[PDB]
Amino acid sequence: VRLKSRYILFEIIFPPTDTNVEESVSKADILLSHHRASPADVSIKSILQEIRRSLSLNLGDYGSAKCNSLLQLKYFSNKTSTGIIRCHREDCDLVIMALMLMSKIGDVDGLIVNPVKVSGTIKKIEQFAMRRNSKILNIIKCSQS
Amino acid sequence: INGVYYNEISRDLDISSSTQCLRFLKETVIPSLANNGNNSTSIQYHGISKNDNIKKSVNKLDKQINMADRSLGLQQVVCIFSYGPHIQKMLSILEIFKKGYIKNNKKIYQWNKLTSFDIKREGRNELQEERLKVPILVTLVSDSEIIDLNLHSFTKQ
Amino acid sequence: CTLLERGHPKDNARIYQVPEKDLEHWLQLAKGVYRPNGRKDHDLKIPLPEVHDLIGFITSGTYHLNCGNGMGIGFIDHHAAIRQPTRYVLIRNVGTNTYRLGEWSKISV
Amino acid sequence: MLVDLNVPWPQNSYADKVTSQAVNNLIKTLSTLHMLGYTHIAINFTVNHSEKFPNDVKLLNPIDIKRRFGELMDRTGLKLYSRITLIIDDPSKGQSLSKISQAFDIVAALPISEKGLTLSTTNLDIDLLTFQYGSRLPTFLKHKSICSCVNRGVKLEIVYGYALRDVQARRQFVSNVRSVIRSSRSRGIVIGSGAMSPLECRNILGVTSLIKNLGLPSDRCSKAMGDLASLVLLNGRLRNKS
Amino acid sequence: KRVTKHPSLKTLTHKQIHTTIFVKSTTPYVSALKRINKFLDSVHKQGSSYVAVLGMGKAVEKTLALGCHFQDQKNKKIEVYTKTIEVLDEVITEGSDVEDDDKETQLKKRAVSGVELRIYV
RNA sequence: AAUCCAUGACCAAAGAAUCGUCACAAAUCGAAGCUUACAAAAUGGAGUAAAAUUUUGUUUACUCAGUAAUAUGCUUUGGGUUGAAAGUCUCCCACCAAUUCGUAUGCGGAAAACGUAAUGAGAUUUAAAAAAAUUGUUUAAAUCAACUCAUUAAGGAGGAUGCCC
RNA sequence: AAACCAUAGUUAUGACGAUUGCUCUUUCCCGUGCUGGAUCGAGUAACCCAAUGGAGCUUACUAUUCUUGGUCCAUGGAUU
RNA sequence: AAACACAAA
Ligand SMILES: [Mg+2]
Ligand SMILES: [Mg+2]
Ligand SMILES: [Mg+2]
C-alpha cells in the first residue's frame with residue numbers, strides 16, 4: 001500500500017508598503033522589491049508554530065486535529081523563502097486556506113503568503129522550483145541592460 | 001498591425017509597404033551597428049524586395065563591387081538587407097551572385113546579422129493582444145578578409 | 001478522413017455527411033469559436049443530423065501519432081462524394097452519440 | 001486569465017479631493033496584484049444614492065486612467081476599467097441611469113433595505129449585486145428575487161477582502177457568504193477583492209480553497225471566476241460603446 | 001506536365017541528426033519552440049555544443065523567426081549560414097493509355113537556397 | 001415417477017460506457033505527439049504602369065502561388081491493459097546434424113510444479129494427503145461433484161457390428 | 001560513456017457537474033405477454049492496487065455491502 | 001511504497 005502525500009510550495013512576499021516613497025513601475029523592479037529577503041528571525045519551527053496557531057484559530061479544534069496528523073515542513077531555507085509543506089490529499093484545501101489566511105509573524109509584520117505549486121511528489125516540486133528560478137533570471141538579465 | 005517596435009522604441013512604419021521600412025533600415029539600423037567615419041570603407045547599401053528581378057539584381061551587385069577606385073586604398077563592402085518574406089529572394093540573389101563570382105578563382109567573405117522588428121496585433125478576443133516578430137537579415141560581403149568595421153556582433157562566413 | 005477538432009475515432013465507426021441547413025455552424029466551428037477567457041469553446045449544443053446521411057464506415061480507426069490527431073480510414077460512396085460541394089464529413093462511433101467533424105482525402109490503393 | 005473587479009478608490013463623495021498618498025497606496029496595491037499574478041483589473045468607486053450627481057459628461061469619472069495609469073498600462077502590461085457601485089437605501093433622488101451607464105463601464109448596486117432589494121431586482125440596469133459583507137445583511141436573502149435577478153443576467157458579487165480586515169466581522173462575513181451561496185443555488189457567483197492596502201492581497205489557490213470550504217463546488221469557482229467575469233467586462237464594454 | 005519531387009539527400013552519421021530540427025512548412029511555432037528547448041537540454045548529454053535548425057523554401061521565414069525568438073528572449077548566441085540544396089525531381093518526357101504514375105521518369109536537378117541556424121547554450 | 005413454485009449448497013462467465021471544465025512565451029496530479037527541411041517563385045520566376053534612352057539596357061511604383069498560414073496553443077489517453085495489479089510458484093527473453101535433456105511417446109504447445117480427453121483403481125488397513133508455492137474454512141470417505149496416480153505414438157488400406165438409409 | 005526505451009509508466013494516475021443503462025419496491029393503460037412505456041423512493045459493490053515485458057497454475061471478491069447462466073438419487077407445498 | 005534473494009524471519 002501507499003501513503004498518499006501532497007506537498008505544498010509557498011512563497012513569502014513582502015509588499016513594499018511605503019506611501020512616502022515613489023517607485024519604479026516595471027517587471028524586474030517590482031520582482032526585486034517583492035523578493036528582497038526574509039528577516040533573520042525566520043526558521044522552520046517558527047513558521048510551523050505560526051501555521052499551527054492559525055489553523056486552530058481559523059478552523060477550530062477538529063479542523064486542526066484532522067489536519068495536524070501529517071503536517072510537516074520538509075525543506076525550507078530563509079535565503080530564498082521557499083518552503084515545502086507535506087500534508088494529505090484530503091487536507092490540502094485546509095492547508096491552502098490556512099496559508100491564505102496567514103496574517104503575520106508574531107514579531108514581523110507586513111507580509112503575504114502565496115501558494116505556487118501543489119503536487120504529490122517532491123521531484124516534480126523541485127523541477128518546478130528550478131524552472132521558476134530559471135525564469136526569474138531572464139527578466140533580471142533583460143532589465144540589467 | 002497596431003504598431004511597429006524596434007529596440008524597445010515605437011516607430012512609424014508599415015509592414016505591407018516596403019519603401020518606408022527599407023529606408024528606415026538603411027538609415028537607422030545600419031549606423032547603429034557599423035560606423036563609416038573612423039575607417040576607410042566604401043559601403044554600398046542595397047535592399048531586396050520580393051518583386052525585384054534576380055538577374056537585374058545580380059547585374060547591379062557585380063557592378064556595386066567595383067565602383068570605388070582601387071588606387072587610393074578603399075575597401076569596398078556591399079551590405080544587402082531585407083525583411084519578412086523577401087529574405088528568401090535576398091538569399092537566392094546572394095547565392096546566385098556567389099556562384100557567378102567564385103567561378104573566377106576568387107573568394108567572397110561574408111558577415112551576417114539577424115535582428116527583429118516587434119509588431120502587435122489584436123488577438124482572437126477583444127481583451128488579448130499578440131506580439132509577432134519579423135526577422136531582419138543584414139549581410140556584408142567583401143573581397144578583402146580584414147575590415148576595420150565594428151563586426152564583433154556579426155558572424156564570419 | 002482526418003479529425004480537425006476534439007475527438008477520438010475507433011474501428012467500425014460510422015461516416016455521415018454534413019446536412020445543408022446547419023452548414024455554417026460546422027464551418028464556424030472549424031474556423032474557430034473561443035471563450036471570453038481565450039481558450040477554445042466546443043461545449044455547446046450539437047446539431048444532431050438525420051438518419052439517411054450515412055455514406056461510409058471506418059475500418060482502421062486509430063490515433064495518428066505522426067500528426068497528433070485522430071486519423072480515420074474509411075470508404076465513402078462516390079455519388080455522395082460528388083453530391084457534397086465541400087469535403088466536410090461527420091464521424092461517429094458505435095457506442096458514442098457524439099459527432100466529430102473532419103475532412104477526407106482520396107487514397108489510390 | 002484572472003479578473004479582479006473590486007479594487008476600491010480612496011474617495012466616497014465628490015467634494016473630497018484625493019491626495020497623493022492615496023494614489024501611491026493604490027499603485028502599491030495594483031503592483032502587488034500584478035505581482036501575485038492577474039490579467040484584468042477593474043477599480044471600483046463608491047458613491048451614495050443621495051449625493052447629487054453632477055450635470056456633466058467629462059467630469060463623471062474622477063479616475064482618468066489615461067493620464068494616471070496609462071503609463072503603468074504600457075510598462076507593466078495590464079489594463080484598467082472603471083466601475084461604480086450604487087449605495088441605494090430609499091427610492092428617492094434617483095431615476096437616472098442613461099448618463100451614468102455611458103461614462104463608467106460596470107454599474108453595481110448596494111441594497112441595504114428590503115425595498116432596496118426589490119428596486120435592484122426590478123428597475124436597475126445593473127450587472128452585479130453586492131452586499132455589506134462586513135456588517136449584517138439587510139433582512140433575509142430569499143430565492144424569490146435572487147432567481148428572478150439571476151435568470152436575466154445579474155450576478156452576485158462576493159468580497160473576500162472584507163474578511164481580512166478584523167477578527168469580529170469574520171463571523172458576519174461567513175454567515176452572509178454561506179447564506180448567499182445557499183440562496184443563489186451556486187450559479188451566478190462572482191468573486192472580487194475589496195482591499196485598498198497591499199497587505200490584504202491573495203492568490204488564486206487560496207481564494208479558491210476558501211470559497212470551496214465556504215460552500216462552493218470546485219467547477220463553479222473556476223467557471224464563474226473566469227468566464228462570468230470576462231462576460232461581465234464584455235457586456236460593460238458593449239454597453240459603453242454600442 | 002506531371003512531375004514529382006523527392007526529398008533532399010540527408011547524410012547524418014549518428015549525432016548530427018539528433019541535435020538538429022528540420023522545420024517544415026506545416027510545423028507549428030510552439031511545437032518548434034518545445035523541440036528546440038528539448039534539443040538544447042539534451043545537447044550536452046549527446047556531447048555537442050549547438051543545435052542545428054534547418055529550413056528551406058516556405059519555412060525559411062518562420063525559421064528566422066524561431067532564431068530571432070531565442071536571439072533576445074533567452075540571450076543565446078545564434079549563427080546564420082546560407083547554403084545550397086540540390087533536389088532531384090522525377091519528370092515525364094514525351095516519347096496507348098497508361099497510368100499517369102507509371103510513365104517514363106527522368107531525374108532533374110533543382111538548386112534552392114536555405115538557412116542553417118545554430119543556437120548555443 | 002413427470003411438471004411448476006420457494007429456499008439452501010456447489011460449478012462456470014464478466015468487472016458499463018459517453019461529454020464538459022481546472023491562470024502565467026509554458027503548464028499540469030501526470031504522460032505522449034504535432035521534424036525524412038521546398039508554394040516546381042533558382043534552367044540567374046512570370047507581367048503590368050511612368051521617365052529618359054534612336055529598341056536593347058537602366059532607375060523607380062506594383063500583381064501573381066488564395067485550398068494562404070494564424071505565436072506556449074492544440075489532440076489523445078492514465079491505477080483488473082482480452083480479471084485478480086495480490087503471492088517466499090515455474091519458464092522464455094544468443095546459437096550449436098549435438099559430452100548442447102538429437103524427447104517421432106494421448107491431444108494442443110518453443111518451454112512450462114502447463115490446459116484438457118477415454119478407461120480401471122485407490123484412502124494414515126494406502127503409490128501417496130491425517131491423530132516447491134498458495135490458502136480462514138483448505139480432496140473424498142449414501143449417490144453425484146473435486147484431487148491424486150496407472151495405460152492409450154501420427155497417417156493410409158481390409159473385415160465385423162450399431163444408426164439415417 | 002552511453003546503450004533511456006511503454007497507444008499508464010516509477011510513491012502520479014486528480015477535483016466535482018451532467019446523461020443513459022442495470023436490481024427491488026408504492027402506481028395507470030393497450031393484449032395475457034413482450035432488455036412494452038412514464039412518475040414516489042433506496043443503492044453502483046468488494047478484493048484491492050502497477051514499477052521491465054509475455055504465458056500457465058493457485059489463492060482473495062460480489063448477505064438491505066451492483067449482477068448473470070445452469071445443475072442438484074437436497075428438502076418444503078400442489079396436480080396426475 | 002513497489003520490485004528483487006538457494007537471504008533473513
Ligand atoms: Mg506489486
Ligand atoms: Mg511484495
Ligand atoms: Mg508482485
Side-chain angles (χ1 to χ4, degrees), chain A residues 1-6 89 117-121 123-124 128 131 135, chain B residues 19 50-51 53-60 88-89 92-93 95-97 99-100 121 124 130-133, chain C residues 3 5-8 32 37-40 42-43 62-70 87 93 95-98, chain D residues 1-2 37-39 203-204 208 212 217-223 225-227, chain E residues 3-5 7-8 10 17 20-35 37 45 47 53-60 62-63 65 69 73 84-85 87 89 91 108-114:
Chain A
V1 297
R2 288 166 290 173
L3 190 58
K4 294 253 181 178
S5 296
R6 199 155 279 250
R89 61 168 178 173
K117 190 52 184 174
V118 179
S119 279
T121 179
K123 293 191 287 184
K124 292 287 185 177
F128 180 81
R131 281 176 283 172
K135 172 181 174 177
Chain B
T19 301
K50 70 184 181 183
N51 303 121
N53 195 0
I54 308 178
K55 186 177 183 179
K56 298 181 180 181
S57 180
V58 174
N59 291 326
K60 200 176 192 174
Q88 169 178 142
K89 208 144 192 172
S92 68
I93 302 174
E95 291 307 313
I96 290 184
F97 175 75
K99 174 187 183 179
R121 267 180 171 182
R124 325 161 179 175
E130 43 178 57
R131 283 84 60 195
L132 278 78
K133 282 191 173 180
Chain C
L3 290 184
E5 201 267 332
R6 186 152 206 191
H8 179 81
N37 187 23
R39 292 173 159 174
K40 237 177 183 181
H42 57 278
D43 193 354
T62 315
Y63 179 77
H64 202 194
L65 206 75
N66 196 35
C67 294
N69 291 319
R87 308 289 184 184
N93 287 324
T96 310
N97 55 277
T98 66
Chain D
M1 66 182 180
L2 303 190
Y38 275 92
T39 302
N203 207 10
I204 174 175
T208 302
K212 198 186 312 171
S218 305
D219 173 73
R220 285 303 194 175
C221 276
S222 295
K223 190 174 191 179
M225 183 174 207
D227 287 331
Chain E
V3 61
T4 176
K5 41 182 173 184
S8 85
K10 304 174 180 182
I17 175 171
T20 300
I21 183 167
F22 286 97
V23 180
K24 287 191 163 184
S25 66
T26 61
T27 290
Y29 193 75
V30 182
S31 68
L33 261 74
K34 294 171 177 183
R35 207 181 321 273
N37 290 320
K45 272 71 176 175
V53 186
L54 271 79
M56 47 169 282
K58 193 177 181 180
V60 174
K62 47 176 168 178
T63 302
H69 176 272
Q73 279 310 311
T84 308
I85 295 91
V87 294
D89 302 331
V91 78
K108 187 176 184 179
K109 276 178 79 203
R110 181 173 37 108
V112 283
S113 67

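No hydrogens, no waters, no symmetry mates; every other heavy atom, side chains included, goes into these values. Each chain gets a letter, A, B and so on, in the order its sequence line appears, and its residues count up from 1.
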Flag the pair B/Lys133 / E/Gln73 as yes when at least one side-chain heavy-atom distance between them is below 4.5 Å, and no otherwise. yes
Quickly work out the C/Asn97 CG to F/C19 P distance and round it to whole Å. 8 Å
Rounding to an integer number of angstrom, what distance separates G/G33 and G/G17 when you compare their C1' atoms? 41 Å
Measure the shortest side-chain to side-chain distance between E/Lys5 and E/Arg110 over non-hydrogen atoms and say whether it is less than 4.5 angstrom. yes
Do F/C22 and F/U21, which sit next to each other in the strand, have six-membered ring centres within less than 5.5 angstrom and planes differing by under 30°? yes
Base pair F/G45/F/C64 (Watson-Crick or G-U, both distances under 3.5 Å): yes
Could you tell me whether A/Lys124 contacts a base, only the sugar-phosphate backbone, or nothing, with contacts defined as non-hydrogen atoms closer than 4.0 Å? sugar-phosphate
Whether the side chain of E/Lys62 engages the backbone of E/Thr27 through a donor-acceptor N/O pair (distance < 3.5 Å, no angle test) should be reported. yes
Ranking F/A42, F/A37, G/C16 by distance to the side chain of D/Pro217, first place goes to G/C16
Atom-to-atom span, NZ of A/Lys123 to P of F/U28 - whole angstrom: 19 Å
For the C1' atoms, the ones on G/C61 and on F/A86, what distance do you get once it is rounded to whole angstrom? 12 Å
How is C/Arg39 classified with respect to the nucleic acid when contacts are heavy atoms under 4.0 Å: base, sugar-phosphate, or nothing? sugar-phosphate
Which part of the nucleic acid, if any, lies within contact of D/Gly226, taking any heavy atom under 4.0 Å across all strands shown: a base, the sugar-phosphate backbone alone, or nothing? nothing
C/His42 side-chain proximity, nearest of F/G20, F/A23, G/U13: F/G20
Do the bases of G/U65 and F/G156 pair up, Watson-Crick or G-U wobble style, with both gaps under 3.5 Å? no
Applying a 4.0 Å non-hydrogen cut-off, can you work out what A/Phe128 is touching in the nucleic acid: base, sugar-phosphate, or nothing? sugar-phosphate
When you measure from the side chain of D/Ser218, which nucleotide among F/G44, F/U58, G/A15 comes out closest? G/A15
At their closest point, which heavy atom of C/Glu5 faces which heavy atom of C/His42, and how far apart are they? OE2-CB, 3.4 Å
Rounded to whole Å, how long is the line connecting atom CZ of A/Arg2 with atom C1' of G/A12? 9 Å
Does F/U18 have OP1 or OP2 under 4.0 Å away from a side-chain N or O of C/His8? no
Pairing between G/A38 and G/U27, Watson-Crick or wobble, both under 3.5 Å: yes
How about F/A141 and F/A142: do their bases stack, with centres under 5.5 Å and planes under 30 degrees? no
Looking at every strand, decide which applies to E/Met56 at a 4.0 Å heavy-atom threshold: base, sugar-phosphate, or nothing. base
Which part of the nucleic acid does E/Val53 contact within heavy-atom distance under 4.0 Å: base, sugar-phosphate only, or nothing? nothing
D/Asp219 near the nucleic acid: base, sugar-phosphate alone, or nothing, with a heavy-atom cut-off under 4.0 Å? base
With a 4.0 Å cut-off on heavy atoms, is B/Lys89 in touch with a base, just the backbone sugar-phosphate, or nothing at all? base
Tell me yes or no: do the six-membered rings of F/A127 and its strand neighbour F/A128 sit under 5.5 Å apart at centre, with planes under 30°? yes
Between F/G30, F/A39, F/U18, spot the one nearest the side chain of A/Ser119, thanks. F/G30
With a 4.0 Å cut-off on heavy atoms, is C/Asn37 in touch with a base, just the backbone sugar-phosphate, or nothing at all? nothing
Among F/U36, F/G73, F/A40, which nucleotide has an atom closest to any side-chain atom of E/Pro28? F/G73
Watson-Crick or G-U wobble between F/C89 and G/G56, both distances under 3.5 Å? yes
Select base, sugar-phosphate, or nothing to describe what B/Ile54 touches, counting heavy atoms under 4.0 Å on all strands. sugar-phosphate
Taking only the side-chain heavy atoms of E/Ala111 (C-beta and beyond), determine which of F/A37, F/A42, F/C74 contains the nearest atom. F/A42
Which value, in whole Å, describes the distance between the P atoms of nucleotides G/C16 and G/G21? 25 Å
NA contact type, E/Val60, heavy-atom cut-off 4.0 Å: base, sugar-phosphate, or nothing? nothing
Suppose you measure atom P in F/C29 against the same atom in G/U64; what distance do you get, rounded to whole Å? 40 Å
Sugar-phosphate, base or nothing in reach of C/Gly95, heavy atoms under 4.0 Å: nothing
Taking F/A25, F/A71, F/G44 as options, the one with an atom nearest any side-chain atom of E/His69 is F/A25
Under 4.0 Å between a side-chain N/O of D/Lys223 and OP1 or OP2 of G/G17, yes or no? no
Once you apply a heavy-atom cut-off of 4.0 Å, does C/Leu65 come out as touching a base, just sugar-phosphate, or nothing? sugar-phosphate
Main-chain N/O of C/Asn93 paired with C/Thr96 side-chain donor or acceptor, under 3.5 Å: no
Would you say A/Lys117 places a side-chain N or O within less than 4.0 Å of OP1 or OP2 belonging to F/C24? no
Could you check whether F/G30 and F/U77 make a Watson-Crick or G-U wobble pair, counting it only if both donor-acceptor distances come in under 3.5 Å? no
Assuming nearest nucleotide by heavy-atom distance, tell me which of C/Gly68 and D/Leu2 is located more 5' along RNA chain F. D/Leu2
Kindly say if B/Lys50 contacts the phosphate of F/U63, meaning a side-chain N or O under 4.0 Å from OP1 or OP2. no
Whether G/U64 stacks with G/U65 under 5.5 Å centre spacing and 30° plane angle: no
Have a look at the sugar of F/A131 and report north or south, taking a positive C1'-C2'-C3'-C4' as north and a negative one as south. south
For atom NZ of B/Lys133 and atom P of F/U70, their distance in whole Å: 18 Å
How would you label the contact of E/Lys34 with the nucleic acid (heavy atoms, under 4.0 Å): base, sugar-phosphate, or nothing? base
Pairing defined as Watson-Crick or G-U wobble with both contacts under 3.5 Å. Yes or no for F/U88 and F/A123? no
Do F/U116 and F/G106 form a Watson-Crick or G-U wobble pair, with both donor-acceptor distances under 3.5 Å? yes
Side-chain N or O of B/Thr19 closer than 4.0 Å to phosphate OP1/OP2 of F/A61: yes
Integer angstrom distance from the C1' of F/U148 to that of F/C101: 27 Å
Are the side chain of B/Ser57 and the backbone N or O of B/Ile54 linked by a donor-acceptor pair below 3.5 Å? no
For G/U25, measure the glycosidic angle (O4'-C1'-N9-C4 for a purine, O4'-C1'-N1-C2 for a pyrimidine) and name it syn if it falls within 90° of 0, otherwise anti. anti
Under the 3.5 Å rule, do the base of F/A25 and the side chain of B/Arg131 count as making a donor-acceptor pair? yes
Nearest to side-chain heavy atoms of A/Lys135, which nucleotide of F/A31, F/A37, F/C24: F/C24
Nucleotide nearest B/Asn51 (side chain, heavy atoms from C-beta), chosen from F/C64, G/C16, F/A32: F/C64
Neighbour stacking check for G/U10 and G/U11, 5.5 angstrom and 30 degree cut-offs: no
Whole-Å distance between F/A71 P and E/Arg35 CZ? 17 Å
Is G/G36 base-paired to G/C29, counting Watson-Crick or G-U wobble with both distances below 3.5 Å? yes
Can you check whether any acceptor in the base of F/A37 is under 3.5 Å from a donor in the side chain of E/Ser8, or vice versa? yes
E/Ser31 side-chain proximity, nearest of F/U75, F/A42, F/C34: F/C34
